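Structure 1 and structure 2, given next as structure tokens, are two forms of the same protein chain, each shown alone.
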Structure 1
């Protein structure tokens, strides 16, 4: 598990870079008025690229620092919400939702870090997990409510974005509780790595697909 975790860290490092530069290269395929989301998606992968280089070295040393992961989450998760809420809102409704979902994500990740840096299985470990779960469900319930009246190609493209978050973000609570299911300290970092790749690269690809539809492409 130890060597597999190191290899996945190094592979995800290059995958985040590949996601960053591919998304920058693909921005020419859509109209200029829909390139902002492609650029923000590349920045998300670019930030994760910077932190996955550190996480890979941190894991290789033997003294792993999950703070590198959580500081990447607390920066990138609100950024990923910026373009999701843009599809359905603008003006005051947008700024409110962006602010509120960003506060919720920060509490979720902060509570998770409080619990993950506690003793595994302790009351603090569970306190962080329960608080993070409740804010997570609040975020997912809000997300499902977004884009209710949409129809056509834009609705299907937005539903793919929504379902990627609704399904792909479940990997994180499973990773957090993997250390108390078995001798699976490294499996937690395996699941965190796979989820970041699926959710960061995958969202960027879907946002790119949303920009193609908005550009009138079939």
Structure 2
């Protein structure tokens, strides 16, 4: 439904802003040396807040720009890896992973955009899919490895961060392939919007929880 897609854009706008202000307000409840991930988490929700306002306006206007979603992803998806690295690493090791995982995440979204902006089932579509899927798997394997050697409450807090991404991000590549299986355009927009709220606000809340554990909570 077209009115549903629009209503969900408005629910996402409000959920993203609620997440932004929750995370900024909660940042003071954790120690300064563990705040970086909470701040980056709030920034991700704030960018998505701005983009969901623009998507809702674009939609109601009758000129829905499918590119707004990818501008949001190319910014927020690398930052989401960064907000996780901000609680698992510091110093040189953090900067190294921010560069390496951040570039990988940008390539994944860029390959997706290359494929999305072609005829469905076209060669460009499949090139995009394979390069983005390969980078996705590479990132999910890096995330699995990031947990190795963690202990006690930090191992449990990291498991939750890792599994939100592992389970919660499957919908994105699933949605991409859907249109070659049939007509799933309207449902894909709805499911991506719900997924974005859960993934972005949920990951920020779990990064906050890791930062609380690390602060001695």
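Here the rigid core means the biggest group of C-alpha atoms that line up within 1.5 Å when the two forms are laid on top of each other. Positions refer to the first chain, counted from 1.
J.: Of 166, 180, 150, 43, which one's CA moves 2 Å or more between the two structures, core aligned?
T.: Residue with a C-alpha shift of 2 Å or more: 180.
J.: Quick one: core overlaid, is residue 87 moving 2 Å or more at the Cα between the two structures?
T.: After core superposition, the C-alpha of residue 87 moves 2 Å or more between the two structures.
J.: With both forms put on the same core, how far apart in Å are the CA positions of residue 21 between the two structures?
T.: Value for residue 21 between the two structures: 0.6 Å of C-alpha shift.
J.: Look at the Cα of residue 117 between the two structures with the rigid core superposed and state its shift in Å.
T.: A shift of 1.7 Å.
J.: Having superposed the rigid core, state how many Å the Cα of residue 32 shifts between the two structures.
T.: For residue 32, the alpha-carbon shift amounts to 2.8 Å.
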